There are 2 protein chains.
Amino acid sequence: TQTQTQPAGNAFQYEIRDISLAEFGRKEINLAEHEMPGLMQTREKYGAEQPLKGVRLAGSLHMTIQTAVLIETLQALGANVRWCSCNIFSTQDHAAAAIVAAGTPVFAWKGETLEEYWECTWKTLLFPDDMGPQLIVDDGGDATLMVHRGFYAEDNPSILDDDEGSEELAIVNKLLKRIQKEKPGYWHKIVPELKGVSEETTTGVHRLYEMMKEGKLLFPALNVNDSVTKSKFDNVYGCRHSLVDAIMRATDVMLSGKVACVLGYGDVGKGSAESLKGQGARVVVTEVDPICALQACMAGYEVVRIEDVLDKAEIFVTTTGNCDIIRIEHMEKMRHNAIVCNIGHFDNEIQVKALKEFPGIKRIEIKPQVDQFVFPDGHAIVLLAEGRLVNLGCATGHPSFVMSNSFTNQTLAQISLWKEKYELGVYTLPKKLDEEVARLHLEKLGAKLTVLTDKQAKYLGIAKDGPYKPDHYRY
Amino acid sequence: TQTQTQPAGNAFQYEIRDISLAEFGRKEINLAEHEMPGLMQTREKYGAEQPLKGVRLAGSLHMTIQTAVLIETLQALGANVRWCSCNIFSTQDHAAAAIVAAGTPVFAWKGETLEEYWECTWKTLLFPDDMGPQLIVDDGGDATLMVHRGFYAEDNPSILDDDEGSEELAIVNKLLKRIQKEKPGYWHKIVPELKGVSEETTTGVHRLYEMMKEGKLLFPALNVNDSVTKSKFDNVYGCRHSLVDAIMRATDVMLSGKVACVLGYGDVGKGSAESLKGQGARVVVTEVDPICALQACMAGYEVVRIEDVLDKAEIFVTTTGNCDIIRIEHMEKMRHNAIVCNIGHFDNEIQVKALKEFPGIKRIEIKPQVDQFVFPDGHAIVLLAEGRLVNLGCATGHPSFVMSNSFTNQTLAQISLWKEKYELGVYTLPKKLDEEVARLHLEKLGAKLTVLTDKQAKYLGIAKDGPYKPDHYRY
Ligand SMILES: NC(=O)c1ccc[n+]([C@@H]2O[C@H](COP(=O)([O-])OP(=O)(O)OC[C@H]3O[C@@H](n4cnc5c(N)ncnc54)[C@H](O)[C@@H]3O)[C@@H](O)[C@H]2O)c1
Ligand SMILES: NC(=O)c1ccc[n+]([C@@H]2O[C@H](COP(=O)([O-])OP(=O)(O)OC[C@H]3O[C@@H](n4cnc5c(N)ncnc54)[C@H](O)[C@@H]3O)[C@@H](O)[C@H]2O)c1
Ligand SMILES: Nc1ncnc2c1ncn2[C@@H]1O[C@H](CO)[C@@H](O)[C@H]1O
Ligand SMILES: Nc1ncnc2c1ncn2[C@@H]1O[C@H](CO)[C@@H](O)[C@H]1O
Ligand SMILES: [K+]
Ligand SMILES: [K+]
């Protein structure tokens, strides 16, 4: 994909698809602001204080219209922002253009190659005068991964020669090796000034705990995914909206009456099942966790192993955050034109590589991000977004109103990481702030909260203004 | 209510309504055993070990057919059991009779007075030879309350002279005064031998933390309510079944098209709203917690203050565990024959006392536990179960299959309290045991659980046999 970079001598750097989309992007941002009252009210509340004044802030998170409102909230609070997407297909090019037109470095376009993706991550982290970010907003942990690998590779450069059998890790290694030649010691220079990362998603938080357990985490992390107002809203209701949206845009297939296999029944699987059930699909669920499996049964879904429904299901959606959920031997047995997609993580929930390399397979692009793979025996499957996040790759991701929850959490997390003294570890926002995120969205919905009386507050032993629930409450 | 006590010289004591109901109770217990695979498999698993051999075990928990299977599970593991109900209307007299016919002390019948209720609690706690329980199963904390008040009043008997403006506390104080006269030092004798309590319900757990906060808890407690397989199944799906069941049995009123006000949207409120929505009611929800309120909005419910639906709703259900949810000034404004009921706690969610004492009000019993209160202006309301737990008071409570979750947790909690050396505090069962509770119920449902491969287990950093989720996971 041919891109536009900043003119020579421009005040700031960028790389996007098309700056002429800016006016359209700005119109949709204006509409989205009205749909994001929590984010806009937080922008107003902290505006005078300027809590992020001058902070070098790098974000690696889907460059959508919703993220544009987050970027401009962080800027309204004083931050000096650079941004890239965290997925090669998730950028909305009009959002990127509108943000560049406002003067902000963005390195993101829809349809990046993997090489381009990591080059964009580097451009985002590299601030002028060979500086780095003082705070990072991350979704999936790729920016955090690059910082850590760059730092540890400066101590032991041989790790840049072990790709672990991963073509993508080879890309990262080659980039880091080039940076060692161009900017020796860069990562050791910038890590002491990087005061924290706020991480958006379940897989990114898992990566943070891998690092913290090995004693390798280099700076504090705020787990935004596990705010109640994120995990229980974005992951559930966001996917309820955006999964079926993407399937409809990509394929225009009727869901009603079809068997749809949802693999996983965590937060994303729960919302995904509801997304399809609302259209009259008969949803069947796979799970490894017996509690989640029992929840699916109590919702009226049949709990199956994938092999049990290869002759029945015509839609498969992976939601696990795990590897090798839909294997090549499964796809060999699927019904003709069965739709195969992933809403969980990266691209390894489906064995996309083994599918592409299957002997004698023929690939036909129906349209961008919709690929029919025809097997020699004559049956085909339809893969969406090359097995990457389908809601963002084939539609527009979650709608603004729910992203206002997630991004109010991100804003408060950035403020907290900057103002508070966190030790090395992974933290969550206090429950009273989590409650505030929800509270800010009630007025637009016409929802009126009841206020505890003095007698009731004493009876329950809680304050009228919260927090209302014990620390361990599950909602 | 005329009761039957054991014959003079009987091997054991009891007080129930009618022993002739035993054969009917036993038939329903036989059916319920098939619906409770978690309990029945737990019997087989721990049968040889006899982990509760000889343990004096007192239960204060709704004397239902489901509790009969729990009692006989505890006995099948060796326990020496005595039982009473924790609510004056919740006993199923046939269940009580079937358990007495099997040789077990039960002090419970449907329609006790408050004085009789506390006399039954005392008969349950008092073991032969002036002994007490070594373990307690409690639901709502009444037995735990009596033990603590008995112990502390032996140090300061003037505690028994302060009724605190409560007729029911006056009943407890009068009984404790008699026990001080008949058996001085009884509570100081039995407390050192009482190894723990396992508490079934949200309100009882709240009481445990209040005692912990005051430094007054006298023995360890296992919080059964907050097992995942209890709170997210019993409190939710149990009420989804048993709320509408009770409303239908009590009133035979069509829910479809009516506005039904559910006050509270925690676990019980969530299940209650689903109970009514399934019949085409238009559910409106009240809440003090903005997170729970936002969840209700995302489910398509209008969130209101009760005052905005007094001219609309014809059903009101309190689910809060809090006091003074439905006030007399609300009931004065309700639509004619509006149904008013409580599925939360005790009898103070609705201002039943103020209703009974309202000037000029007329009470007409339609049938047991269904009372029409006719106001002087001609409008009436229909109060269910005198404002006590409506599912247990006007129907049969939760169905056996979901109680198998709760009662497998109770069984495991009793085993744990007996075998492990807990300190003074409130504890929950380990996640792997919580998962086991769910796993035991999958076969009857036909659910097929997937097993992680070695590669997937390594990828996620978990064991193939669990636990599958972080400690703080909310499901
Ligand atoms: N695309 C989006 O917009 C979006 C939104 C939120 C989160 N996410 C991503 O979605 C993924 C899931 O997130 P979550 O919050 O639902 O996590 P979760 O832990 O709540 O749920 C994942 C579930 O997958 C199950 N699972 C794991 N391996 C399995 C297997 N082999 N077969 C069947 N089930 C299996 C687990 O038991 C678990 O219940 C993560 O990668 C997360 O980052 C994506
Ligand atoms: N009848 C049954 O079979 C049964 C089953 C389970 C639990 N319970 C009982 O039900 C009650 C609720 O339990 P839970 O697990 O749902 O507790 P919970 O804490 O999950 O929910 C209670 C909800 O009530 C809300 N609330 C409190 N005061 C309010 C007010 N004035 N107006 C509106 N909302 C208000 C709280 O914000 C909370 O979300 C407890 O008393 C519990 O012991 C009964
Ligand atoms: N419209 C969107 N804009 C930005 N991020 C999104 C959008 N929809 C979903 N996401 C995020 O993508 C993450 C997965 O990488 C989810 O945790 C979710 O918060
Ligand atoms: N059928 C039943 N038998 C015994 N206890 C029940 C039944 N239905 C509901 N309960 C319990 O009553 C408690 C409320 O006192 C709930 O926590 C729930 O576990
Ligand atoms: K969107
Ligand atoms: K029942």
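Heavy atoms only: backbone and side chains are in, while hydrogens, waters and symmetry mates are out. To find a chain, count down the sequence lines: A is the first, B the second, and so on, and within it residues start at 1. Order of listing sets the numbers, starting from 1, for every ligand and every atom in it.
- Near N391(A), meaning under 4.0 Å from any of its heavy atoms, are these atoms of ligand 1: 1 (N), 2 (C), 3 (O).
- Taking backbone and side chain together, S242(A) holds no N, O or S atom under 3.4 Å from the K ion (ligand 5).
- Looking at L61(A) against ligand 3, only its side chain comes within 4.0 Å, counting heavy atoms.
- Look at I65(A) and you'll find every heavy atom at least 4.0 Å from all atoms of ligand 3.
- Heavy-atom proximity to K469(B), at under 4.0 Å, picks out these atoms of ligand 1: 36 (C), 37 (O), 38 (C), 39 (O).
- For ligand 1, the atoms lying closer than 4.0 Å to a non-hydrogen atom of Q456(B) are 31 (N).
- When heavy-atom distances to ligand 1 are checked against a 4.0 Å cut-off, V288(A) comes that close through both its backbone and its side chain.
- Polar contact with ligand 1: present for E287(A) (N/O pair, distance under 3.5 Å).
- The closest approach between a heavy atom of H345(A) and any atom of ligand 3 is not below 4.0 Å.
- With a 4.0 Å heavy-atom cut-off, ligand 1 is reached by no atom of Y468(B).
- Residue-to-ligand polar distances place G344(A) within reach of ligand 1: an N/O pair is separated by less than 3.5 Å.
- Per-residue contacts place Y473(B) under 4.0 angstrom from the following atoms of ligand 1 (heavy atoms of the residue considered): 18 (P), 20 (O).
- Taking every non-hydrogen atom of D234(A) and a distance limit under 4.0 Å, the qualifying atoms of ligand 1 come out as 5 (C), 6 (C).
- Residue contacts with ligand 3 for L389(A) involve side-chain atoms from C-beta outward but no N, CA, C or O (heavy atoms, distance under 4.0 Å).
- Contact annotation for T319(A) and ligand 1: only backbone heavy atoms (N, CA, C, O) come within less than 4.0 Å of the ligand.
- Taking a cut-off of under 4.0 Å to the non-hydrogen atoms of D267(A), the atoms of ligand 1 that pass are 15 (O), 16 (O), 20 (O).
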